[PDB]
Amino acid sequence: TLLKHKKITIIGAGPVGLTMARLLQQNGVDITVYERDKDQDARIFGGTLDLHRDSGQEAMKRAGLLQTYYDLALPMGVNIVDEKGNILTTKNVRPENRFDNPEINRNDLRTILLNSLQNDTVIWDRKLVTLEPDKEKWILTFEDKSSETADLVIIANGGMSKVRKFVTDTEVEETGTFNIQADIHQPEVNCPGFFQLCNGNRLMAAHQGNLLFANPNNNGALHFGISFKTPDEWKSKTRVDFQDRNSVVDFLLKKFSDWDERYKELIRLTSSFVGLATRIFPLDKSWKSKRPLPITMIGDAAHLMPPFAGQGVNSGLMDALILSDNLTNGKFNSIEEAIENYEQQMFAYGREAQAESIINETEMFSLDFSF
């Protein structure tokens, strides 16, 4: 009854925002999602996602999509390999435990979430740029100059969100590591040496402070990521330009001098690199207790954390599960009370996940790390 005659808008059609939309919409709520992506066919860059049984799968199960997720997800083994190509350990998948945390492509996950929403729930090509209160309505202004209204706004537009101020003045901060991600489409044909090395499993390798991760089977593409402590020089004078593939390739081949040629072939065969400093949106400071109208944040917009403990999406899907339940479960007598309890709970499991992810980051990028 809290949401009677309330227009609820979600900013961002990521995994967290769409799951939130599904959880509210299946209860009869009036939901609109504004997404900056041009249209539903836009590719989502990055690796696969694993939904954990305790958190991410609960959100999907609660939304009625758990089996759809299982149908599209792939169980993946993991090989720990040294820099010379020697497999050190092989953690294969139990057929019994294959539904524990199978990997799903990001576009496939988005498609299942979109198909569970009513038609035209997501409004595409809508980049929110301004959010201001007008009496009892939020005013949403978009990059294309259009404007919309809402009674409740849920910020779900990712870790670099610029529309958080009414909730918190906390700024995104850097942790000291750097990630370079890339895709090699049709790896059986285009990087056969490294594809053979993965041998149907995800690959993980650490050497000289440089970590390499690879998934050979991300919907017919090999996705891999290279992570390291950000060089101290890049803070004063950096010489790698990430708009120039050739400069990125040159830098990586220097870093990977001692690695087996199959790794260097992987680097030389990459057409585009995405480089980004690891960031955190810290939960050290409490959010604002005085807000002009109901608003909150979920997902990376709430607790962006380093992606070294596999907590990112699962923490966000927990946000959507707890917040959607609080708004519909009859336990609270105001939207604001329901939001406040959500944030109390989220600061608790959010703070723990961030502390874990920082612990893993510090350990993994020490020169003594060995998996």
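We number the residues from 1 along the sequence you see.
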With respect to the recorded C-alpha B factors, which stretch has the higher mean value, 8 to 16 or 356 to 364? 356 to 364
Higher average CA B factor in the deposited record is what I'm after, so tell me if that's 45 to 53 or 315 to 323. 45 to 53
Select one of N201, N179, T238, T141: the residue whose C-alpha shows the highest B-factor in the crystal structure entry. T238
Among the choices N157, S227, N218, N86, identify the one whose CA B-factor in the record is greatest. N86
Divide the modelled residues of the chain into thirds by Cα B-factor and specify which third, lowest, middle or highest, holds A309. highest
Relative to the other modelled residues of the same chain, rank the CA B-factor of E340 and answer lowest, middle or highest third. middle
Taking the entry's C-alpha B-factors for this chain, is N329 in the lowest, middle or highest third? lowest
Grab the CA temperature factor for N210 from the record and place it in the lowest, middle or highest third of its chain. lowest
Binned into thirds over the chain's modelled residues, the C-alpha B-factor of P192 lands in the middle
